[PDB]
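# Breakdown of the fold
Residue-level listing of the chains:
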Amino acid sequence: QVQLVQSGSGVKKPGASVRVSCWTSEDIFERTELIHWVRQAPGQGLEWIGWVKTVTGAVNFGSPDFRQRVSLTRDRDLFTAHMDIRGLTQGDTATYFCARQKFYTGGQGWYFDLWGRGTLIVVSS
Amino acid sequence: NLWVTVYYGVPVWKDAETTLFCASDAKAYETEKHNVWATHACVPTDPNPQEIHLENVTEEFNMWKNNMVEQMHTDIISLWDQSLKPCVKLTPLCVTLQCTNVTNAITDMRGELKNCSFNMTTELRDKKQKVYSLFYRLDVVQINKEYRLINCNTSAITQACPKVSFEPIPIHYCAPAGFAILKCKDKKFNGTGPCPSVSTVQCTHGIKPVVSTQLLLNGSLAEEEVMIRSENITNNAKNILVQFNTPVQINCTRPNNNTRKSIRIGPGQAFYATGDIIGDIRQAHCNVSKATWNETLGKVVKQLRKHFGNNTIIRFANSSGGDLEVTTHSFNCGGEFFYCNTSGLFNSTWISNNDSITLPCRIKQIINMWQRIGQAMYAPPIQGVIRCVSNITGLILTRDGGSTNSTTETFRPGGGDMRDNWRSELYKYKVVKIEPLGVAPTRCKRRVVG
Amino acid sequence: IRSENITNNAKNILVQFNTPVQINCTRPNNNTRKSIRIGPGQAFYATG
Amino acid sequence: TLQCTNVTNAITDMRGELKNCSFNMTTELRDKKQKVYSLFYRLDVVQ
Amino acid sequence: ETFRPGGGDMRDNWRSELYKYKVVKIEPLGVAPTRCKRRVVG
Amino acid sequence: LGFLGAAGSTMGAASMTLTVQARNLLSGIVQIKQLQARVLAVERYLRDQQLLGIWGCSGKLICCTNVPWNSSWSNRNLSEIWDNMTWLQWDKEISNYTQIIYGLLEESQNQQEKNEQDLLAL
Amino acid sequence: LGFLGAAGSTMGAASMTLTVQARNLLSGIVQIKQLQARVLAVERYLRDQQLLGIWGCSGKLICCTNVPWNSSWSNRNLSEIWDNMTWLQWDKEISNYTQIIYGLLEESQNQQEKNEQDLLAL
Amino acid sequence: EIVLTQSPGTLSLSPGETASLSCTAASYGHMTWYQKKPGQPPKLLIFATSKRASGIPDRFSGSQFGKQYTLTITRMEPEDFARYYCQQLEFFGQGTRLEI
Ligand SMILES: *[C@@H]1O[C@H](CO)[C@@H](O[C@@H]2O[C@H](CO)[C@@H](O[C@@H]3O[C@H](CO[C@H]4O[C@H](CO)[C@@H](O)[C@H](O)[C@@H]4O)[C@@H](O)[C@H](O)[C@@H]3O)[C@H](O)[C@H]2NC(C)=O)[C@H](O)[C@H]1NC(C)=O
Ligand SMILES: *[C@@H]1O[C@H](CO)[C@@H](O[C@@H]2O[C@H](CO)[C@@H](O[C@@H]3O[C@H](CO)[C@@H](O)[C@H](O)[C@@H]3O)[C@H](O)[C@H]2NC(C)=O)[C@H](O)[C@H]1NC(C)=O
Ligand SMILES: *[C@@H]1O[C@H](CO)[C@@H](O[C@@H]2O[C@H](CO)[C@@H](O)[C@H](O)[C@H]2NC(C)=O)[C@H](O)[C@H]1NC(C)=O
Ligand SMILES: *[C@@H]1O[C@H](CO)[C@@H](O[C@@H]2O[C@H](CO)[C@@H](O)[C@H](O)[C@H]2NC(C)=O)[C@H](O)[C@H]1NC(C)=O
Ligand SMILES: *[C@@H]1O[C@H](CO)[C@@H](O[C@@H]2O[C@H](CO)[C@@H](O)[C@H](O)[C@H]2NC(C)=O)[C@H](O)[C@H]1NC(C)=O
Ligand SMILES: *[C@@H]1O[C@H](CO)[C@@H](O[C@@H]2O[C@H](CO)[C@@H](O)[C@H](O)[C@H]2NC(C)=O)[C@H](O)[C@H]1NC(C)=O
Ligand SMILES: *[C@@H]1O[C@H](CO)[C@@H](O[C@@H]2O[C@H](CO)[C@@H](O)[C@H](O)[C@H]2NC(C)=O)[C@H](O)[C@H]1NC(C)=O
Ligand SMILES: *[C@@H]1O[C@H](CO)[C@@H](O[C@@H]2O[C@H](CO)[C@@H](O)[C@H](O)[C@H]2NC(C)=O)[C@H](O)[C@H]1NC(C)=O
Ligand SMILES: *[C@@H]1O[C@H](CO)[C@@H](O[C@@H]2O[C@H](CO)[C@@H](O)[C@H](O)[C@H]2NC(C)=O)[C@H](O)[C@H]1NC(C)=O
Ligand SMILES: *[C@@H]1O[C@H](CO)[C@@H](O[C@@H]2O[C@H](CO)[C@@H](O)[C@H](O)[C@H]2NC(C)=O)[C@H](O)[C@H]1NC(C)=O
Ligand SMILES: *[C@@H]1O[C@H](CO)[C@@H](O[C@@H]2O[C@H](CO)[C@@H](O)[C@H](O)[C@H]2NC(C)=O)[C@H](O)[C@H]1NC(C)=O
Ligand SMILES: *[C@@H]1O[C@H](CO)[C@@H](O[C@@H]2O[C@H](CO)[C@@H](O)[C@H](O)[C@H]2NC(C)=O)[C@H](O)[C@H]1NC(C)=O
Ligand SMILES: *[C@@H]1O[C@H](CO)[C@@H](O[C@@H]2O[C@H](CO)[C@@H](O)[C@H](O)[C@H]2NC(C)=O)[C@H](O)[C@H]1NC(C)=O
Ligand SMILES: *[C@@H]1O[C@H](CO)[C@@H](O[C@@H]2O[C@H](CO)[C@@H](O)[C@H](O)[C@H]2NC(C)=O)[C@H](O)[C@H]1NC(C)=O
Ligand SMILES: *[C@@H]1O[C@H](CO)[C@@H](O[C@@H]2O[C@H](CO)[C@@H](O)[C@H](O)[C@H]2NC(C)=O)[C@H](O)[C@H]1NC(C)=O
Ligand SMILES: *[C@@H]1O[C@H](CO)[C@@H](O)[C@H](O)[C@H]1NC(C)=O
Ligand SMILES: *[C@@H]1O[C@H](CO)[C@@H](O)[C@H](O)[C@H]1NC(C)=O
Ligand SMILES: *[C@@H]1O[C@H](CO)[C@@H](O)[C@H](O)[C@H]1NC(C)=O
Ligand SMILES: *[C@@H]1O[C@H](CO)[C@@H](O)[C@H](O)[C@H]1NC(C)=O
Ligand SMILES: *[C@@H]1O[C@H](CO)[C@@H](O)[C@H](O)[C@H]1NC(C)=O
Ligand SMILES: *[C@@H]1O[C@H](CO)[C@@H](O)[C@H](O)[C@H]1NC(C)=O
Ligand SMILES: *[C@@H]1O[C@H](CO)[C@@H](O)[C@H](O)[C@H]1NC(C)=O
Ligand SMILES: *[C@@H]1O[C@H](CO)[C@@H](O)[C@H](O)[C@H]1NC(C)=O
Ligand SMILES: *[C@@H]1O[C@H](CO)[C@@H](O)[C@H](O)[C@H]1NC(C)=O
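Residues numbered from 1 in each chain as written, not as in the entry; some residues may be left out. Chains lettered and ligands numbered in written order. Part of a larger assembly, values for the part shown. Heavy atoms only, no water.

## Overview of the overall build of chain E
- Scanning chain E for helices and strands turns up one helix and zero strands.
- Along the first, second and third principal axes, the C-alpha set of chain E runs to 80 × 25 × 10 Å.
- Scored against the burial criterion, the 42 residues of chain E give a buried share of 10%.
- Summed over its atoms, the accessible surface of chain E is roughly 4200 Å², and 52% of this surface lies on carbon and sulfur atoms. (Helix = DSSP H or I, 4+ residues; strand = E, 2+ residues; numbered from the N terminus. Buried < 20%, exposed > 50% of the residue type's maximum accessible area, 1.4 Å probe, protein only. Areas by Shrake-Rupley, 256 points an atom, 1.4 Å probe, with all protein chains shown as cover.)

## So, the overall build of chain B
- Along the backbone of chain B there are five helices and 32 strands.
- Overall size of chain B, expressed as C-alpha extent along the three principal axes, is 100 × 70 × 40 Å.
- Expressed as a percentage of its 450 residues, the buried residues of chain B come to 52%.
- In the form shown here, chain B has an accessible surface area of approximately 21000 Å², with 46% of it arising from carbon and sulfur atoms.
- Side-chain charges in chain B split into 49 positive and 38 negative, and the spacing between the mean points of these groups amounts to 3 Å. (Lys, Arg positive; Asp, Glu negative; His and termini not counted. Charge placed at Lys NZ, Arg CZ, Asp CG, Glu CD.)

## Things to note about the interface of chain B and chain F
- Taken together, the 44 residues of chain B in the interface contact 55 residues of chain F.
- Across the chain B/chain F interface, buried area totals approximately 4600 Å², and carbon plus sulfur atoms make up 70% of it.
- In this assembly, chain B and chain F are joined by three salt bridges.
- Between F:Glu113 and B:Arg446 there is a salt bridge whose closest N-O contact spans 3.2 Å.
- Breaking the side of chain B that touches chain F down by element, the ones donating at least two residues are strand 1 (3–15), helix 2 (68–84) and strand 32 (429–442) of chain B.
- It is strand 1 of chain B that provides the largest number of residues to the side of chain B that touches chain F, a total of 12 residues.
- Classifying every residue of the side of chain B that touches chain F gives 25 nonpolar, 10 polar and nine charged.
- As defined by bridge partners, strand 1 of chain B adjoins strand 1 (residues 62–68) of chain F across four bridges and the pair is classed as antiparallel. When the bridges of strand 1 of chain F are listed, B:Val6 appears paired with F:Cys63. (Contact = heavy atoms within 4.5 Å. Buried area = accessible area lost by both parts, 1.4 Å probe. Salt bridge = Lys/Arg side-chain N within 4 Å of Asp/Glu carboxyl O. Nonpolar A, V, L, I, M, F, W, Y, C, P; charged D, E, K, R; others polar. Pairing = 2+ DSSP bridges.)

## Observations regarding the site of ligand 23
Residues and elements named next belong to chain G.
- Around ligand 23, the structure places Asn75, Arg76 and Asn77.
- Residue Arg76 places a main-chain N or O atom 3.2 Å away from an oxygen atom belonging to ligand 23.
- Between ligand 23 and the protein, one listed contact pairs an oxygen atom with a side-chain N or O atom of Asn77 at 2.4 Å.
- For ligand 23, whose unbound accessible area comes to 360 Å², protein coverage reaches 28%. (Near = heavy atom within 4 Å. Polar contact = N/O pair within 3.5 Å; in protein donor to acceptor, adjacent residues only side chain to side chain.)

## Considering the side chain of B:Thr410
Residues and elements named next belong to chain B.
- Within the fold, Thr410 resides in strand 31 (residues 408–413).
- For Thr410, a relative accessible area of 6% gives the class buried.
- Within the structure, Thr410 has its side chain in polar contact with the side chain of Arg315 (distance 3.0 Å).

## Some words on the interface of chain A and chain B
- Contacts between the two partners involve 20 residues from chain A, matched on the other side by 20 residues from chain B.
- The contact between chain A and chain B buries some 1500 Å² in all, and 45% of this surface belongs to carbon and sulfur atoms.
- Between A:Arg74 and B:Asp323 there is a salt bridge; the shortest N-O distance is 2.7 Å.
- At the boundary of chain A and chain B, one finds 11 residue pairs in polar contact.
- Of all the elements in the fold, those that place two or more residues in the side of chain A that touches chain B are strand 5 (47–53) and strand 6 (59–61) of chain A.
- Sort the elements by how many residues they give to the side of chain A that touches chain B and strand 6 of chain A lands first, with three residues.
- Of the residues that constitute the side of chain A that touches chain B, the class distribution is nine nonpolar, seven polar and four charged.

## What about a nonpolar patch on the surface?
- A cluster of nonpolar side chains, C:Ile1, C:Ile13, C:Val15, C:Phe17, C:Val21 and E:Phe3, forms an exposed patch at the surface whose accessible area comes to about 730 Å².
- Mapped onto the elements of the fold, C:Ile1 is located in the segment before strand 1 (33–37).
- Relative accessible area serves as the criterion here: at 78%, C:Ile1 is assigned to the exposed category. (Patch = residues over 30% accessible without salt bridge, like charges linked within 9 Å, V, L, I, M, F, W, Y side chains within 5 Å.)

## Things to note about the domain arrangement of chain B
All names here are of chain B.
- Examined at the domain level, chain B breaks down into domain 1 (12–18 + 46–63 + 174–204 + 428–435), domain 2 (91–153 + 256–282) and domain 3 (211–255 + 283–417).
- In this structure, domain 2 and domain 3 have C-alpha centres spaced 33 Å apart.
- In this complex, domain 2 contributes 18 residues to the contact, which on the side of domain 3 involves 16 residues.
- Summed over both partners, the interface of domain 2 with domain 3 buries about 1700 Å², with 53% contributed by carbon and sulfur atoms.
- The interface formed by domain 2 and domain 3 holds zero salt bridges in total.
- Run the count over domain 2 and domain 3 and you get nine residue pairs in polar contact.
- Put simply, the parts of the chain that give the side of domain 2 that touches domain 3 at least two residues each are strand 20 (258–264) and strand 21 (270–277).
- Of the residues assigned to the side of domain 2 that touches domain 3, the class counts are seven nonpolar, five polar and six charged. (Domains from an automatic or database assignment.)

## Digging into the packing of helix 6 (residues 98–121) of chain F against helix 2 (residues 18–26) of chain G
- Relative to each other, helix 6 of chain F and helix 2 of chain G sit at 150°, their axes nearing to 11 Å. Relative to helix 2 of chain G, the element helix 6 of chain F is oriented roughly antiparallel. Crossing of helix 6 of chain F over helix 2 of chain G shows right-handed handedness. For the pair helix 6 of chain F and helix 2 of chain G, contact is made by F:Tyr102, F:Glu106 and F:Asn110 and by G:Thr19, G:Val20 and G:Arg23, respectively. (Axes fitted to C-alpha atoms, helices over the stretch in contact; angles between N-to-C directions. Parallel < 35°, antiparallel > 145°, perpendicular 65-115°, else oblique. Left-handed = near helix turned anticlockwise from the far one by under 90°.)

## Here we look at the nonpolar core
- In this structure, B:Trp80, B:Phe118, B:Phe166, B:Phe271 and B:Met377 are the most contacted members of the largest nonpolar core, which totals 57 residues.
- Top element by residues in this core is helix 2 of chain B. It accounts for seven residues.
- Setting aside residues up to four positions removed in sequence, B:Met377 forms contacts with B:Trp80, B:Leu84, B:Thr158, B:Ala160, B:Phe166, B:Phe337, B:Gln365, B:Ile366 and B:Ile367.
- In this structure, B:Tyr8, F:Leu4, F:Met11 and F:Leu51 belong to the second largest nonpolar core, which totals 47 residues. (Core = buried A, V, L, I, M, F, W, Y, C linked by side-chain atoms within 4.5 Å.)

## Side note on the sheet that holds strand 29 (residues 375–378) of chain B
All names here are of chain B.
- Taken in spatial order, the three strands line up as 11-29-28 in an open sheet, and their pairing is mixed. The open sheet has two edge strands, strand 11 (156–159) and strand 28 (366–367), and neither has a second partner.
- Sheet topology note: the strand 28/strand 29 ladder contains two bridges and is antiparallel. Bridge pairing links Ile366 to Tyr378 in strand 29.

## What to know about helix 3 (residues 33–55) of chain F
- Between its terminal C-alpha atoms helix 3 of chain F stretches 34 Å, which fits the 33 Å expected from 23 residues at 1.5 Å a residue.
- Considered for burial, the residues of helix 3 of chain F that qualify are F:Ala37, F:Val39, F:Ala41, F:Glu43, F:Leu46, F:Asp48, F:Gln50, F:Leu51, F:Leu52, F:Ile54 and F:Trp55.
- Buried residues belonging to helix 3 of chain F abut strand 1, strand 2 (21–24) and strand 32 of chain B, helix 6 of chain F together with helix 2 and helix 3 (33–55) of chain G.
- Phi for F:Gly56, located one or two positions after helix 3 of chain F, is positive at around 75°. (Expected span 1.5 Å × (residues − 1).)

## Focus: the site of ligand 16
Residues and elements named next belong to chain B.
- Around ligand 16, a shell composed of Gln98, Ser117, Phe118 and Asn119 is seen.
- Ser117 has a polar backbone atom sitting 3.2 Å from an oxygen atom of ligand 16.
- Here an oxygen atom of ligand 16 sits 2.4 Å away from a polar atom, N or O, in the side chain of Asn119.
- Relative to its free-state accessible area of 350 Å², ligand 16 is covered by the protein chains to the extent of 45%.
- In the shell around ligand 16, the residues fall into one nonpolar, three polar and no charged.

## Focus: the environment of B:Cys444
- Take B:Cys444: it is sitting in the segment after strand 32.
- According to the relative accessible area criterion, B:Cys444 is partly exposed, its value standing at 22%.
- Excluding residues within four positions of it along the chain, B:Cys444 makes contact with B:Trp3, B:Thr5, F:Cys64 and F:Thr65.

## A short note on the sheet that holds strand 1 (residues 4–7) of chain H
All names here are of chain H.
- Taken in spatial order, the four strands of this open sheet run 1-3-7-6, and their pairing is antiparallel. Either end of the sheet is taken by a strand with one partner, and the two such strands are strand 1 and strand 6 (60–65). For this sheet the average axis-to-axis angle between neighbouring strands, irrespective of direction, equals 20°.

## Structural notes on the pattern of salt bridges
- Counted under the stated rule, the structure contains 53 salt bridges over all chains.
- Here B:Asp81 and B:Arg372 are joined by a salt bridge, their closest N and O atoms 2.9 Å apart.
- What makes B:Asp81 partly exposed here is its relative accessible area of 30%.
- Its relative accessible area of 29% is what places B:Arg372 among the partly exposed residues.
- Each of the salt bridges in this network shares a partner with another, and the network as a whole consists of A:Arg39, A:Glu47, A:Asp65, A:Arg69 and A:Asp92.

Below is the structure:
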């Protein structure tokens with residue numbers, strides 16, 4: 001149950017961009033196949049956003065709205081990952097989480113073994 | 001009354017893994033004694049046809065669990081690294097570069113050509129020389145006039161030996177004695193599940209170590225129909241192998257009589273770098289038949305609907321982003337390394353109920369093979385002429401994610417994991433071990449004589 | 001008490017206790033570390 | 001060649017065990033030099 | 001008599017654990033007398 | 001039939017090819033990874049030969065013993081087994097008792113026959 | 001008695017375990033100095049089989065010859081040897097007789113019997 | 001049609017009795033389970049195979065038939081009161097809450 005190091009929280013104006021980051025140990029990073037991002041707005045259930053492949057940088061998103069407004073990157077030498085969100089709206093106020101999967105084969109299903117504490121992004125006037 | 005009998009030589013096998021023997025065509029070695037995949041020594045190709053058709057025998061296959069893929073992958077890497085290990089040790093080469101764009105060029109303002117001269121060592125410790133070696137933009141970064149090689153903070157930049165050919169050489173894999181390789185004869189096989197008919201062969205055949213990213217090149221074709229193969233359908237983490245039943249021809253070329261300069265940077269320490277370029281300079285590119293591409297995709301679409309329904313829409317799109325290697329199609333031709341923009345191939349939507357496509361390309365000389373961290377190979381320049389003809393045999397695709405309000409699905413190029421290339425040839429085979437001990441009931445009681 | 005001989009002082013004696021003697025050893029104090037490249041990717045570690 | 005003196009402005013335990021030393025070290029580029037600093041134990045160095 | 005710490009030869013450490021063990025080889029061939037004549041039928 | 005071609009035939013019919021199977025690399029003979037493979041093939045071969053020596057079956061492809069067959073492990077007729085089954089199917093049905101049968105062969109047949117012969121020899 | 005458990009028993013009693021000893025890695029079978037060790041075990045195993053083949057004793061744990069025992073080799077009683085001694089002691093007792101005995105077995109029995117049998121076969 | 005749905009929804013519990021939650025889904029994917037308390041990141045409870053996750057104090061188990069998976073929570077202990085979510089690949093259920 002190792003916690004991932006999560007970047008700090010903050011408040012942004014509508015239309016602003018924001019970067020969210022997380023870090024882990026080199027042993028955890030190397031073992032991780034995928035880094036996933038998920039979101040939870042207050043009063044809402046958990047929503048999957050997308051993932052970035054730790055080896056090739058390939059990206060797979062959920063709703064196309066995220067594809068246009070969100071970019072995911074990774075850096076294998078720093079054992080970190082970053083999420084860049086642009087065009088922020090009041091509806092994007094939510095807790096965002098960094099999560100990792102180390103399951104490598106079909107039939108195992110998706111897992112999130114490791115989680116960051118998550119961070120809050122507030123969008124307002 | 002029945003008794004125990006023993007039968008040596010019983011034709012029974014069990015699933016097993018063992019290291020396979022490398023076999024290859026010795027003639028390839030004779031023509032290219034320094035070829036990377038041409039074993040100095042090897043087992044003969046053993047082209048002889050299967051003696052056994054295993055009539056009325058069926059067997060279960062699972063290409064996704066087939067570890068012979070890992071053996072192929074491991075050996076390709078090991079051979080690559082050893083053949084280039086002693087070549088030059090150019091890591092000391094990196095110095096501050098100071099320069100501006102090429103001027104008085106004929107051109108095609110492309111920022112691709114950089115004319116750079118930097119201080120460098122000589123055969124004598126006490127003497128220095130100016131190199132004046134050209135570089136591609138992709139291989140350098142700004143410290144804006146000051147430049148550095150892009151991989152300079154990696155452990156070393158090493159030139160590939162100029163004598164070593166990188167042309168793929170067919171590699172056959174042969175069983176150790178007491179082991180055998182089974183081959184599935186089922187037409188249009190998914191590469192998984194029970195095979196209706198199998199055969200036994202001493203070796204695999206026709207496999208080549210062709211390295212490519214988005215497109216599968218010079219591989220085997222399906223006998224009847226385009227096959228859609230994947231570890232699963234619902235898991236978007238997994239890649240899809242398209243497996244064409246027909247080739248699509250693609251031509252690629254590069255301009256224009258780029259000269260080479262030989263520089264000694266120390267005792268016997270040859271270094272090759274790009275010299276001046278004769279005539280005009282045009283962007284490198286590839287050509288795909290448009291008409292052929294339609295028939296090709298139409299067949300793929302018809303097969304995809306079998307998994308998603310006939311009330312669906314199949315949309316294609318260009319890359320999702322990520323490293324240059326996954327976002328572009330890459331290949332090795334003439335010893336030169338190319339990265340190509342394939343978006344011209346995917347701008348279409350397929351709804352149920354002499355022309356060509358030109359794909360621009362770029363060249364860079366510093367390559368980090370197999371996504372290895374901290375190491376890099378410097379390719380020596382190829383002296384002025386690249387001509388390539390190739391057969392596209394499939395694509396590596398991924399399905400887009402998210403919920404839908406419709407029956408539309410979207411597919412993009414993806415993967416970049418080289419092991420998936422190997423799977424396209426190895427899915428037909430399985431490795432098993434033969435057990436020589438069997439016991440059965442009998443009427444005999446072994447009357448003792450003495 | 002074990003030895004190759006007991007008269008030859010060149011030889012060592014192995015004492016072989018029948019019980020352990022416990023020891024705590026420690027080292028101060030949050031010494032930091034610095035990572036220095038001394039060449040391309042040539043990481044060198046030194047006390048901060 | 002290292003050029004240095006004893007560690008100063010330390011909280012301490014004058015023990016001579018530690019020195020604060022600096023030198024001209026190479027960098028990723030043949031053309032550039034850097035000052036590393038850092039600490040050494042007395043046992044690892046000689047005059 | 002006076003005793004001091006000494007040695008420093010690491011092989012003495014290994015010996016303190018290995019003294020309990022010995023390596024031998026098994027030799028199957030053997031011969032012994034009996035009353036048998038090896039009767040032969042040809 | 002050829003090597004393992006017999007696998008599709010009945011157990012009785014398959015016995016015609018036991019020599020052929022012995023010829024087809026069962027011997028462990030291969031015409032640093034390759035070196036290790038050669039050594040392994042030899043070790044596997046010799047192990048099986050040791051078992052035949054232990055059972056008193058050495059030098060023969062087919063060998064009778066005095067050990068009774070545990071029919072409860074098959075629940076089939078003698079002719080049913082020989083004519084209506086392949087060796088691949090058969091091996092699974094009796095795979096659980098390999099260790100038991102092998103132990104019985106040593107104790108009930110081979111060591112005893114040799115000891116009885118020694119009494120006759122003397 | 002298990003591997004070498006027989007060493008504590010009399011020579012006669014020990015004969016019951018000869019198969020057990022054959023099973024317990026005498027065979028040379030495994031469950032780059034480690035590779036060389038595997039090769040050596042095989043070479044040692046095959047050599048001993050050859051020697052039995054030369055004697056005509058191959059395939060048997062216990063084998064007789066028409067070569068007479070020399071009472072002067074041990075100066076012990078038949079029952080003394082079998083009941084009052086271990087094999088470890090016995091090996092030491094006749095240890096200098098290996099060269100002569102080994103030669104006699106080949107010359108007096110194996111080559112001779114094969115030639116005489118061939119003549120009967122002609 | 002919602003790909004993944006969860007039930008019974010929020011329910012009253014009595015410690016000493018064993019609770020159960022379940023979810024259903026389209027296209028036969030594997031299901032896994034997570035739980036969270038306010039202010040905390042979620043924790044993995046149950047694997048696709050029904051195997052207990054590391055760090056789980058032997059109180060969780062489950063099984064499935066067809067399109068439905070059910071999990072049980074031993075003796076409704078108060079330490080386990082949390083929001084619970086069923087997951088299938090990219091989808092999450094609306095979740096449930098354990099109350100006394
Ligand atoms: C991708 O991975 C998916 C997850 O592993 C695969 O889904 C599996 O697909 C098979 C075949 O359709 C399903 O098996 C069916 O099970 C139902 C009934 O329930 C079964 O299990 C219960 C509990 O042990 C048992 O009591 C029942 O008797 C059944 O054994 C049967 O009626 C069907 O005939 C069939 O057996 C798996 O259940 C299903 N797994 C899951 C988690 O949904 C999927 O097929 C994979 N995709 C590809 C392309 O391979
Ligand atoms: C080896 O050298 C390369 C090239 O200098 C290093 O890559 C560079 O790393 C820095 C730091 O992460 C990147 O800086 C970033 O620039 C963007 C530009 O807007 C800025 O927004 C970020 O906040 C950050 O400053 C830089 O772009 C990147 N260069 C390239 C070409 O990607 C690399 O990190 C070095 N290796 C190591 C291990 O240090
Ligand atoms: C890069 O710049 C160098 C330096 O100007 C070019 O080499 C010079 O070319 C002129 C042309 O007549 C000669 O007169 C100079 O003597 C050359 N320099 C030296 C050191 O001899 C070089 O050709 C340029 N390269 C490119 C690709 O433009
Ligand atoms: C090489 O060419 C590039 C492209 O023209 C130069 O970079 C540009 O320099 C002009 C000013 O002269 C700027 O206005 C552009 O925005 C620059 N382009 C960039 C930064 O992408 C470059 O300076 C020339 N040689 C160098 C930089 O050494
Ligand atoms: C790739 O280049 C080859 C030639 O090297 C092209 O083949 C020629 O195509 C023209 C089409 O009118 C024929 O007339 C020629 O006879 C062909 N030459 C041959 C067969 O040697 C080929 O079409 C090119 N491929 C693409 C996609 O342009
Ligand atoms: C790909 O197709 C283009 C367009 O047909 C080819 O470019 C032409 O090459 C001929 C050569 O004689 C020129 O005369 C044309 O003007 C070129 N067309 C252009 C530049 O638009 C290109 O060579 C083909 N690429 C191959 C075959 O690799
Ligand atoms: C590319 O370089 C080669 C030389 O390496 C050029 O070959 C020349 O071709 C002309 C043809 O009339 C001959 O007269 C020359 O003697 C050749 N030079 C040699 C053999 O060194 C070739 O022409 C060059 N291509 C271009 C486009 O310039
Ligand atoms: C792959 O798809 C992306 C869109 O998802 C393409 O994006 C275009 O990039 C060019 C160059 O920056 C822009 O001028 C266009 O406006 C972009 N289109 C958009 C944002 O819709 C991308 O070009 C495609 N392939 C590439 C860039 O190789
Ligand atoms: C891949 O090719 C497409 C099509 O040529 C590129 O999109 C064009 O990019 C240029 C600028 O470099 C724009 O002027 C064009 O209008 C774009 N065409 C469109 C948007 O249809 C795309 O950028 C290329 N991807 C690369 C180079 O990575
Ligand atoms: C692409 O596929 C075609 C079709 O299989 C290849 O052309 C065949 O090559 C073989 C071997 O020389 C010939 O026996 C066939 O008759 C050819 N088929 C024809 C001409 O229709 C072609 O060589 C392949 N291309 C590459 C680069 O491998
Ligand atoms: C060894 O014993 C000494 C003496 O008891 C320990 O030093 C003491 O550590 C405590 C820690 O709270 C201090 O309050 C005392 O003042 C220390 N005594 C001194 C400095 O004389 C020492 O830590 C022990 N070493 C171990 C346990 O490794
Ligand atoms: C030794 O170094 C570690 C950090 O590497 C120090 O850990 C800090 O502990 C405080 C306690 O509240 C935290 O607030 C800091 O955030 C921690 N540091 C980091 C980087 O997280 C530890 O306290 C240090 N010990 C001494 C004696 O200073
Ligand atoms: C070793 O010496 C260096 C250099 O004097 C010390 O680091 C300096 O500390 C002062 C005060 O904070 C800074 O103004 C200087 O810029 C620092 N120099 C460098 C290069 O960072 C260092 O603290 C000394 N180490 C000790 C005393 O342990
Ligand atoms: C594989 O299947 C074929 C077809 O069933 C077998 O052919 C048998 O041929 C013999 C000839 O005397 C007939 O008596 C059999 O009735 C045929 N089949 C059966 C099931 O009896 C063939 O023997 C099978 N396997 C082999 C031959 O190895
Ligand atoms: C080890 O020695 C003991 C004797 O000290 C052996 O015990 C024998 O047990 C049998 C059982 O019937 C008696 O008949 C013998 O008389 C006992 N021997 C003596 C000397 O009294 C024991 O069997 C020996 N170990 C082995 C493996 O034979
Ligand atoms: C070589 O070093 C000198 C040092 O003054 C510098 O001025 C010159 O530009 C360098 N030449 C290069 C980098 O080509
Ligand atoms: C491919 O898998 C599907 C899944 O049920 C199966 O029905 C089909 O027969 C398989 N086809 C082949 C050729 O293996
Ligand atoms: C591909 O085929 C479809 C259907 O005939 C056609 O509408 C489309 O224009 C074709 N694309 C081409 C020719 O590039
Ligand atoms: C280190 O190099 C600088 C020049 O870059 C030189 O002035 C200095 O004397 C050298 N070392 C010391 C201790 O000064
Ligand atoms: C065994 O085979 C014989 C001959 O076909 C048959 O009569 C007998 O009923 C069989 N026993 C069974 C099937 O148990
Ligand atoms: C062999 O016995 C084990 C239990 O010890 C059992 O699980 C297994 O299924 C049995 N195998 C067969 C073929 O009956
Ligand atoms: C027994 O020893 C005597 C010693 O002179 C020797 O002559 C005789 O041949 C030996 N017998 C055998 C069978 O070796
Ligand atoms: C065997 O015992 C008898 C007892 O009388 C003795 O005479 C004879 O010499 C013995 N044989 C030997 C010791 O070989
Ligand atoms: C073998 O020869 C040595 C030579 O002294 C002798 O001491 C020993 O007893 C002899 N052993 C046998 C079995 O004759």
